[PDB]
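FYI, it's all coordinate maths here, none of it is from the lab. No Cβ is skipped: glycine too gets one built from the backbone with ideal geometry, and neighbour counts run over all protein chains shown.
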Amino acid sequence: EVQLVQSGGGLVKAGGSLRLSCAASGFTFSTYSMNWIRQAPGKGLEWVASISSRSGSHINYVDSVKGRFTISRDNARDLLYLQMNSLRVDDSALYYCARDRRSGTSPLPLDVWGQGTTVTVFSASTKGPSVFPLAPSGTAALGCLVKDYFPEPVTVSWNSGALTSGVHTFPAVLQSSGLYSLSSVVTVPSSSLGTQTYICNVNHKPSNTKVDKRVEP
Amino acid sequence: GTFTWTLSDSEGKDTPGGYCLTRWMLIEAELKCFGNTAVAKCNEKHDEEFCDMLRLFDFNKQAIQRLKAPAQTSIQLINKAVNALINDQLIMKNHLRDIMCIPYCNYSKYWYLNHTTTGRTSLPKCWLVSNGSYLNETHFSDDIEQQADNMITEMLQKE
Amino acid sequence: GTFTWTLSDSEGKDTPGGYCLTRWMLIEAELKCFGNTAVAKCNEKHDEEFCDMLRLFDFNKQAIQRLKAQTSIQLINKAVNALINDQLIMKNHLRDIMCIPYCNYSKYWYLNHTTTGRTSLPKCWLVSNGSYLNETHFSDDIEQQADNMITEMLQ
Amino acid sequence: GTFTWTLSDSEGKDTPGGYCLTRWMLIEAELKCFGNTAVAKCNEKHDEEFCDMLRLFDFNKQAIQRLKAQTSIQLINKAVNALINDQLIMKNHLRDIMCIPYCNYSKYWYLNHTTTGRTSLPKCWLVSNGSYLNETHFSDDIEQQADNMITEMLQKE
Amino acid sequence: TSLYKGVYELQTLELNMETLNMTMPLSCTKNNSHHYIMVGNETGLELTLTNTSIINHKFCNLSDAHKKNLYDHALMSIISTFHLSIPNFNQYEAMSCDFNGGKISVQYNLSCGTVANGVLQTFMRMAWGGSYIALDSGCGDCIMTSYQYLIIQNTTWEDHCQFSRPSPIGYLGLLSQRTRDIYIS
Amino acid sequence: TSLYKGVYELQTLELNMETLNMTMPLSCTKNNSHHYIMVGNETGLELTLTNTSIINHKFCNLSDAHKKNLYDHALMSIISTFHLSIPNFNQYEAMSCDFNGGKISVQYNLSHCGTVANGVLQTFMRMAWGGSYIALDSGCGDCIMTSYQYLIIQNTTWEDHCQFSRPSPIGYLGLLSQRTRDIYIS
Amino acid sequence: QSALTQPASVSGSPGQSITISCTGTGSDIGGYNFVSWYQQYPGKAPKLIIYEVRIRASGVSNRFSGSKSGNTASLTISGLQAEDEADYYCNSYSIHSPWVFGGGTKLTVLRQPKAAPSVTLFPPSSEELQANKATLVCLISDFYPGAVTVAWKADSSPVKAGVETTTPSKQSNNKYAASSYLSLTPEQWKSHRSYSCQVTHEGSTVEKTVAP
Ligand SMILES: *[C@@H]1O[C@H](CO)[C@@H](O[C@@H]2O[C@H](CO)[C@@H](O[C@@H]3O[C@H](CO)[C@@H](O)[C@H](O[C@H]4O[C@H](CO)[C@@H](O)[C@H](O)[C@@H]4O)[C@@H]3O)[C@H](O)[C@H]2NC(C)=O)[C@H](O)[C@H]1NC(C)=O
Ligand SMILES: *[C@@H]1O[C@H](CO)[C@@H](O[C@@H]2O[C@H](CO)[C@@H](O[C@@H]3O[C@H](CO)[C@@H](O)[C@H](O[C@H]4O[C@H](CO)[C@@H](O)[C@H](O)[C@@H]4O)[C@@H]3O)[C@H](O)[C@H]2NC(C)=O)[C@H](O)[C@H]1NC(C)=O
Ligand SMILES: *[C@@H]1O[C@H](CO)[C@@H](O[C@@H]2O[C@H](CO)[C@@H](O[C@@H]3O[C@H](CO)[C@@H](O)[C@H](O)[C@@H]3O)[C@H](O)[C@H]2NC(C)=O)[C@H](O)[C@H]1NC(C)=O
Ligand SMILES: *[C@@H]1O[C@H](CO[C@@H]2O[C@@H](C)[C@@H](O)[C@@H](O)[C@@H]2O)[C@@H](O[C@@H]2O[C@H](CO)[C@@H](O)[C@H](O)[C@H]2NC(C)=O)[C@H](O)[C@H]1NC(C)=O
Ligand SMILES: *[C@@H]1O[C@H](CO)[C@@H](O[C@@H]2O[C@H](CO)[C@@H](O)[C@H](O)[C@H]2NC(C)=O)[C@H](O)[C@H]1NC(C)=O
Ligand SMILES: *[C@@H]1O[C@H](CO)[C@@H](O[C@@H]2O[C@H](CO)[C@@H](O)[C@H](O)[C@H]2NC(C)=O)[C@H](O)[C@H]1NC(C)=O
Ligand SMILES: *[C@@H]1O[C@H](CO)[C@@H](O[C@@H]2O[C@H](CO)[C@@H](O)[C@H](O)[C@H]2NC(C)=O)[C@H](O)[C@H]1NC(C)=O
Ligand SMILES: *[C@@H]1O[C@H](CO)[C@@H](O[C@@H]2O[C@H](CO)[C@@H](O)[C@H](O)[C@H]2NC(C)=O)[C@H](O)[C@H]1NC(C)=O
Ligand SMILES: *[C@@H]1O[C@H](CO)[C@@H](O[C@@H]2O[C@H](CO)[C@@H](O)[C@H](O)[C@H]2NC(C)=O)[C@H](O)[C@H]1NC(C)=O
Ligand SMILES: *[C@@H]1O[C@H](CO)[C@@H](O[C@@H]2O[C@H](CO)[C@@H](O)[C@H](O)[C@H]2NC(C)=O)[C@H](O)[C@H]1NC(C)=O
Ligand SMILES: *[C@@H]1O[C@H](CO)[C@@H](O[C@@H]2O[C@H](CO)[C@@H](O)[C@H](O)[C@H]2NC(C)=O)[C@H](O)[C@H]1NC(C)=O
Ligand SMILES: *[C@@H]1O[C@H](CO)[C@@H](O[C@@H]2O[C@H](CO)[C@@H](O)[C@H](O)[C@H]2NC(C)=O)[C@H](O)[C@H]1NC(C)=O
Ligand SMILES: *[C@@H]1O[C@H](CO)[C@@H](O)[C@H](O)[C@H]1NC(C)=O
Ligand SMILES: *[C@@H]1O[C@H](CO)[C@@H](O)[C@H](O)[C@H]1NC(C)=O
Ligand SMILES: *[C@@H]1O[C@H](CO)[C@@H](O)[C@H](O)[C@H]1NC(C)=O
Ligand SMILES: *[C@@H]1O[C@H](CO)[C@@H](O)[C@H](O)[C@H]1NC(C)=O
Ligand SMILES: *[C@@H]1O[C@H](CO)[C@@H](O)[C@H](O)[C@H]1NC(C)=O
Ligand SMILES: *[C@@H]1O[C@H](CO)[C@@H](O)[C@H](O)[C@H]1NC(C)=O
Ligand SMILES: *[C@@H]1O[C@H](CO)[C@@H](O)[C@H](O)[C@H]1NC(C)=O
Ligand SMILES: *[C@@H]1O[C@H](CO)[C@@H](O)[C@H](O)[C@H]1NC(C)=O
């Protein structure tokens, strides 16, 4: 089976550099042109770079990547490289390597893809979150807003685990500042607002932070 | 003139050049694949019958994939392309042999040599037939012997 | 059958074999000469379109220099199959019908050594929907020709 | 297409494929035999006129030995293209029209070794205005054939 | 299961031409009398050798049939290729046709050098597989058969190819020798 | 400009086929409607697609035209190659001509998949090889259709007509092989 | 430099036929017949299904068919099966780059009745305003199939700066939910009559409004 085996992702500071490897298996690597395609978290595929077969004399990049990434190939060791420098936060995505043939007589599409390797570019240091109440105003919704935190893992419960009916904790959004934010809501009867009390338990272990917030109308 | 149709390569093959016949192109058989070293001879030689059939099977495959099917099977396309796929005088050769009581090729069965361990195969030569019955291996044994020697020479030419 | 017309050699050449295209045979270009090693492939192969054009240009040159007639269409009607591969232009016709990039026999590309001055045999620059292909769409074709140039240069 | 007829060989011969022209196929000459290494070029090349004649002479022999019939013109009307290159004889017609020494398919020249006896493939002896060319007018064609003969005899050893 | 030089095993393959039905015609034969040409998976042609005739009038209204464009254009292109490929066809009285309503049906009244030889030579070429069975000819510009008529009729597709496998090589060969042997009109 | 392996520079050349005018015909196109075939530097032929007709009688007096040997033999040879190269031509009515005084003019009525208009347009597609797709609207698909109703072929004088596509002999040379390859019984 | 326009999502009952659009310009899809289609399961690499507009890859079911008309390529799937539920991307040759990909399409093989989303818009809490910050939280839940698009407007005027949105995630009840945030300054919040969260799900749109 024709395949490509990738390697070399990982975490890197914004402005740093990384090197991506793609190893050919079971096909005459030298006769195919090699491509790099990235896929942002929960987004679409985007072609990045290309290099021609044999001598990599014909090379192409995306305008938002020129002067920063460098594609290369070693036909002796059957390897494809991608040297990323001055890494922006936008560059963080899942990176694929794919083979094709740029021929007029017998062209080939992106038939063989790699398994994919993850690149994550971070900008902001460890920060604890700020919890704000999403107050309710015959089912009414109320929740908690966990804002400006890093890194990604945060766990939210309600009434110290006693409340699970109607609870949903949403995934985090990486805001422009480089800090995550998430919300967690629970749907409850409007009459229960006065009687029952609602407290959310936000826990951010990397900051040694544990906040309990009571939501009132 | 002579045939100019080049055989199209599938997307998943390891070496650019080989050709494969599906299980629906062959009768009572599974799929069979032939290396680039064998199929390369189809572009050089003018006398091989099995090559003329590959271009027919490929042209049929390409025409179905790339052309919206006609309402009632227009024959104009093959009438244009025939000389670009087959050697007309090759099938005229077999028509001459049949007329002269010589074992001829009816383009159905072919024979080749397959190395038991390496897996490489010669270009399938046509299995001749005389009076509604294919020839025994015993009657063209020296044609197979010559092919083994050429197989040896081709295998040594790689090292 | 197949083409039997051999390209005629001019008198001021250094090696018997090469062929040259005058400035009036090429549009917006000066004269270009091609070496014996490249044009020799015109006699071997059957599939090269640029070779078919050289035999047409040469036949037109030889027919003007040696005969007098413009009902000269009777002459080409006899000679066509001795100069061109009829099925080669049928192949391009099939490619055009199948939405595949084809050769309309106008533009050609070749590789030219920077210091040797040696060149490959010009291959046809394909076209799809009234526009020639970018270098990016047949770059692996150029890579293969550059590899054949090196192995020929070593011999 | 192109010629597909392979030259059959007689039963009593030293090497398979080597062809011979009988004394009745030549005019004012005895029988002449040409080795396998020479006639093997007939299957590769599309350009040689002497090869198209061998396929005509062989086809004549085969049609006589194997069939019975003179209206056998219908047979040659079918098999003409499988034997001879139509455009090769059109080539010599173009040369004749253009006052170029052409091949009228009668006389042929070849080189023959003093001791080995191995011969080149006969190339057509050209003619211009009803008279064959002198050896002096295609001397550089014989020189090139002798160089090809040397490079072929070296590949034997 | 037969080894050559100790390592090379002899193997075979047989091509299934039936998959080419959408691109080119396919000739085959059922028995001695009946032969067929298949164009696609629905229409076709029936070449029959019978002592029983099917057309008694000696006219072939080809111009009328062309004007009333009912017949399958593919089927008539095979009828033209066949009739043109006949060498030395000099007696038009034998060819009798009937194209009423698009239904194409052509009859060749048989009876060396006669018109029957040229029609059987073209028939021998057309159905390349299994034509020798009906010929009784052997090896020899002279084919003789006991049957008196060759009738070509349009028909529908069925599992007819019983004696020989279908093949396009027959048809493809007549295309080059189309008008190669025809007298002056 | 564009280097491969650091020593091989990618270079091009475009052939000027106009210089072949004295030996072979040359096809080319002016716009969507008008296409041309040039024989020498004086005579020629104009293939025009128009909704407007030019001949109303449905006769073609070819035998009369042959006897009165006035027309240019070259243009008659290429007008024969065209009509013969049509496949499955079975509606002779659409074929209407007028060769009075050597002036050759042929009209194909396309108004009359599988129809006679396909075969005439397939042969027109081949004839003017460069720039025929502009008039076809077909794309890729055998079956060719056009809005226009008539294909009119007229003799004309040479001018700078080849504006959309360069002149080429490739179109004409290809029809020569497929000349009488597809014709019905008469 | 721009991408190829694909529908955000297409849905269909099992056994039904659906089509995925892929629109470009003459520079890409209109200029070449080199359109390809890829099928990507979650957490997996894209699988080539169709290349050169119409040709299927080896092993690809004949239920998949590719077409092209002008500047638009179409991937049609007949006899919809559960295994077909995936993300589908189109790509084409381009005059400017070797390949250009489409945004992508989430094909959903319906197994529930289509559910309209339940929008809940929260104003900035008093605790956040005293910290000199303002954030509007729009929480969309209980919709099927899993694809929505949010649009923020203040006093009927489109707001695009400061908007961040999650991709829909499956809920406990197999429905989908997403979140959109609008970050503002306390001045911006009070300097307007109203702020609105407008959620478009399967052509129909739901709007919620809040005021200071
Ligand atoms: C080339 O020459 C060979 C040898 O002369 C020739 O091979 C023959 O092909 C026919 C047709 O396929 C074979 O006949 C078959 O015989 C088997 C039993 O041996 C039967 O089972 C088959 O009948 C089935 O087919 C019917 C019609 O399709 C179906 O309705 C039904 O399912 C039947 O079961 C069939 O008749 C014959 O055996 C071989 N002969 C040999 C010696 O192998 C071949 O056809 C020639 N090629 C061409 C292109 O002419
Ligand atoms: C093969 O395909 C290519 C690409 O589809 C095709 O190339 C085209 O050729 C035409 C004809 O030469 C070019 O049109 C020219 O365009 C320039 C500028 O746009 C004009 O200045 C030219 O006009 C001059 O010539 C006219 C006719 O001689 C005169 O009337 C006029 O006054 C000018 O002197 C001319 O219109 C076109 O630009 C190219 N296209 C590209 C993309 O390069 C070629 O023709 C095809 N070959 C064949 C044999 O069909
Ligand atoms: C038709 O084709 C003929 C020949 O292929 C074309 O005529 C050629 O035109 C060129 C350029 O005008 C002539 O070159 C000239 O050569 C003289 C010296 O011989 C030089 O002084 C000039 O400056 C120029 O370089 C060429 O001789 C001439 N050939 C012939 C045989 O006349 C003609 O232009 C074409 N006509 C059309 C309408 O396409
Ligand atoms: C891909 O090619 C286009 C057009 O190429 C032109 O035609 C070719 C046959 C060849 O002759 C090229 O040298 C030509 O440039 C390029 O677009 C052109 O770019 C130039 C320079 O920027 C501009 O002057 C032209 O107007 C452009 N033409 C069009 C139709 O847009 C394009 O840049 C090429 N792509 C790449 C990645 O190189
Ligand atoms: C290959 O390139 C060389 C140089 O780029 C070409 O030689 C030039 O030819 C032109 C016109 O014939 C002269 O004006 C230059 O002075 C030449 N330059 C050099 C360095 O010699 C050569 O013609 C090219 N070959 C082909 C086939 O185009
Ligand atoms: C090449 O030359 C040799 C010797 O000159 C020829 O062989 C002679 O042929 C004649 C007639 O066939 C015999 O009588 C002699 O006995 C042969 N001599 C030898 C030494 O073999 C040979 O025929 C020539 N080749 C050709 C093609 O004519
Ligand atoms: C005519 O040819 C077509 C295509 O070559 C045959 O259809 C194929 O049949 C196989 C086996 O059932 C399928 O796997 C393919 O997908 C089919 N291809 C197409 C394009 O439909 C068909 O069987 C042939 N018909 C006859 C009567 O021989
Ligand atoms: C060859 O097969 C055909 C068809 O099976 C036979 O023709 C049939 O003959 C019987 C008896 O005369 C008729 O009743 C049928 O109507 C005929 N069918 C057709 C389609 O014509 C024919 O007899 C067979 N011939 C031989 C020699 O076996
Ligand atoms: C068709 O008719 C012909 C002629 O009537 C038959 O051929 C005859 O067969 C008998 C018996 O074998 C011979 O005695 C005659 O000499 C033959 N005549 C000719 C002219 O050959 C033929 O057998 C019939 N065929 C069928 C199938 O009925
Ligand atoms: C294509 O060009 C031709 C010639 O320039 C145009 O034909 C002319 O059309 C006008 C208006 O109908 C007539 O008055 C002229 O007599 C025509 N000239 C000739 C030589 O026939 C034609 O209109 C153009 N078509 C397009 C679509 O641009
Ligand atoms: C073709 O020839 C026919 C017959 O010679 C011409 O038809 C005649 O035309 C004259 C003048 O209009 C009439 O008086 C006759 O009655 C016509 N005869 C017939 C039988 O129709 C016809 O005009 C010629 N056509 C061309 C284009 O030359
Ligand atoms: C020539 O005439 C045809 C037929 O009248 C025109 O085609 C028609 O165009 C209109 C407008 O687009 C359509 O509503 C009709 O359906 C078309 N008819 C057919 C049969 O296609 C065509 O546009 C005309 N061409 C010119 C250049 O005027
Ligand atoms: C050759 O033999 C091997 C092993 O038996 C088999 O896998 C292969 O398919 C054979 N080759 C062909 C062309 O059948
Ligand atoms: C023939 O093929 C057509 C189209 O593929 C199909 O609709 C029809 O059912 C087929 N008929 C048979 C008998 O296979
Ligand atoms: C066929 O010809 C024979 C002899 O010429 C004649 O007896 C018979 O009636 C003819 N049959 C037909 C149908 O014309
Ligand atoms: C021949 O074609 C006609 C018209 O299509 C049809 O009515 C008739 O049944 C066909 N003949 C056979 C034997 O199918
Ligand atoms: C065409 O060529 C002839 C002969 O070469 C010449 O007499 C005539 O003037 C030319 N016409 C034009 C318009 O160039
Ligand atoms: C062309 O044919 C159509 C329909 O058959 C008819 O209406 C029209 O008059 C014809 N035109 C000519 C010039 O014959
Ligand atoms: C066609 O030729 C005739 C006779 O030579 C001439 O009178 C007529 O003007 C020509 N037509 C054109 C359009 O030049
Ligand atoms: C060719 O390209 C032009 C401009 O990009 C476009 O308008 C036209 O529809 C295209 N034609 C085809 C057949 O793709």
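Once amide H atoms are placed 1.01 Å from N in the peptide plane, what residues at a sequence separation of 5 or more from A:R73, or on another chain, have their amide H within under 5 Å of its amide H?
A:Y81
Near F:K67, which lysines are there with a Cα under 29 Å away, not counting those fewer than 8 places off in the same chain?
C:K68, C:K78, E:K67, F:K58, F:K103
Among the trypsin sites (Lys or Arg not before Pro) within segment G:1-104, which fall in a DSSP loop and have no more than 15 other Cβ atoms within 10 Å of their own Cβ? Each step should come with its number before you reach the end.
Details: sites: G:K44, G:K47, G:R54, G:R56, G:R63, G:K68; in loops: G:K44, G:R54, G:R63.
Answer by residue number: G:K44, G:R63.
Using only the Cα atoms of segment G:1-111, construct the convex hull and provide its projected area averaged over every direction, in square nanometres to one decimal.
Convex hull of Cα atoms, orientation-averaged projection: 6.5 nm².
Could you go through segment A:156-164 in sequence order and give the Karplus-derived ³J(HN,Hα) for each residue, using 6.51 cos²θ - 1.76 cosθ + 1.60 with θ = phi - 60°, rounded to whole Hz, and x for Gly and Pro?
My calculation for segment A:156-164 gives 10, 10, 10, 6, 6, x, 5, 10, 10 Hz in order.
Take chain B, connect every pair of alpha-carbon atoms lying under 10 Å apart with a spring to form a Gaussian network, then pick out the residue of B:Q62, B:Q76, B:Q89 with the largest mean-square fluctuation.
So, out of B:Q62, B:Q76, B:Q89, the one fluctuating most is B:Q76.
Could you give the C-alpha radius of gyration of the protein assembly as shown expressed as a fraction of 2.2 N^0.38 Å, taking N as the number of residues it contains?
On the way: Rg = 37.4 Å, N = 1271, 2.2 N^0.38 = 33.3 Å.
Dividing the Cα radius of gyration by 2.2 N^0.38 Å gives 1.12.
Report, ordered by chain and residue number, the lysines lying within cross-link reach of G:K175, taken as a straight Cα distance under 25 Å and ignoring same-chain residues fewer than 8 apart.
Candidates past the 8-residue exclusion: A:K43, G:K44, G:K106, G:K114, G:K208.
Measure up B:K158/D:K32; F:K30/F:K68; B:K125/B:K158; B:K32/D:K41 against 29 Å on the Cα-Cα distance and list the ones that go over.
B:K158/D:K32; F:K30/F:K68; B:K32/D:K41
Run through all the Cα pairs of chain G and give the fraction in each 5 Å bin from 0, expressed as whole percent.
It works out to 1, 7, 13, 15, 14, 12, 12, 10, 7, 5, 3, 1, 0, in whole percents.
Give the share of C-alpha pairs in each 10 angstrom bin for chain A, from 0 to the last occupied bin, in whole percents, shortest bins first.
Calculated P(r), rounded to whole percents: 8, 27, 21, 16, 15, 10, 4, 0.
Looking at the square roots a ≥ b ≥ c of the eigenvalues of the Cα gyration tensor of segment G:112-212, which shape do they give, rounded for a/c under 1.5, prolate if a/b is larger than b/c, or oblate?
On the way: a/c = 2.60, a/b = 1.87, b/c = 1.38.
Prolate, since a/c reaches 1.5 and a/b exceeds b/c.
Hey, with R₀ at 56 Å, roughly what FRET efficiency would B:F140 and E:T155 work out to, going by the Cβ-Cβ distance, to 0.05?
Computed FRET efficiency for B:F140 and E:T155 comes out at 0.90.
Can you list the residues, at least 5 places off or on another chain, whose amide H is less than 5 Å from the amide H of E:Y4, using H built in the peptide plane?
Here the answer is E:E9, E:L10, since their amide H atoms fall under 5 Å of that of E:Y4.
Return the single residue from B:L85, B:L56, B:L96 with maximal mean-square fluctuation; model: Gaussian network over chain B, springs between Cα atoms under 10 Å.
It is B:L96.
Take B:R23, project a point 7 Å from its Cα along the Cβ direction, then tell me which residues of segment G:51-73 have their backbone nitrogen under 19 Å from it.
Under 19 Å, as judged by backbone N against the label point of B:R23, lie G:57-63 of segment G:51-73.
I need the phi-derived Karplus couplings for segment F:119-131: 6.51 cos²θ - 1.76 cosθ + 1.60, θ = phi - 60°, integer Hz, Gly and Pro marked x.
x, 6, 6, 4, 6, 5, 4, 5, 4, 8, 4, x, x
Does segment E:23-185 come out rounded, prolate or oblate by the C-alpha gyration tensor, with a ≥ b ≥ c the root eigenvalues, rounded set by a/c under 1.5 and, if not, prolate when a/b is larger than b/c and oblate if not?
Rounded, since a/c falls under 1.5.
Which residues' amide hydrogens lie under 5 Å from the amide hydrogen of E:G44, considering only partners 5 or more residues apart or on another chain, with H built in the peptide plane?
Under 5 Å from the amide H of E:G44 lie the amide H atoms of E:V39, E:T155, each far enough along the sequence or on another chain.
Compute the signed sum of charges (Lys and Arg +1, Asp and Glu -1) over the other residues within less than 11 Å, Cβ to Cβ, of F:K5. Write out the running numbers ahead of the final one.
Values: positive: A:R54; negative: C:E143, C:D147, F:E9.
So the environment of F:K5 carries a net charge of -2.
Quick one: 3J(HN,Hα) in Hz for segment F:157-164, Karplus 6.51/-1.76/1.60 with θ = phi - 60°, rounded, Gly and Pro as x.
Each residue's phi maps through the Karplus curve to give 9, 6, 8, 6, 8, 6, 9, 8 Hz.
Go through segment C:36-68 and name the trypsin sites (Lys or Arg not before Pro) that are in a DSSP coil and have 10 or fewer other Cβ atoms within 10 Å of their Cβ.
Of the trypsin sites (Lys or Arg not before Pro), the ones in loops of segment C:36-68 whose Cβ has at most 10 other Cβ atoms within 10 Å are C:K68.
For a quick check of your reading of the filter: which chymotrypsin sites (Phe, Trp or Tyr not before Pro) in segment E:1-60 sit in a DSSP loop and have no more than 14 other Cβ atoms within 10 Å?
Loop-located and lightly packed - E:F59.
Compute the FRET efficiency between G:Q171 and A:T28 as 1/(1 + (r/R0)^6), taking r as their Cβ-Cβ distance and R0 = 51 Å, and round to the nearest 0.05. Intermediate results must be reported in sequence, preceding the final value.
Values: r = 49 Å, r/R0 = 0.96.
Between G:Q171 and A:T28 the formula returns 0.55.
Evaluate the distance, in nm, between pseudo-label points positioned 7 Å from the Cα of A:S72 and of E:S63 along their respective Cα→Cβ axes.
Modelled inter-label distance: 8.1 nm.
Among all the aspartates and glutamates, which ones have a C-alpha under 17 Å from G:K160's C-alpha, if same-chain residues fewer than 8 places away are not counted?
G:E207
Under the Cβ-under-4.7 Å rule, which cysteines of chain A stay unpaired?
None; all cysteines have another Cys Cβ under 4.7 Å.
What does the C-alpha gyration tensor say about the overall shape of chain C? Classify as rounded when a/c is under 1.5, otherwise prolate if a/b is larger than b/c, or oblate.
oblate
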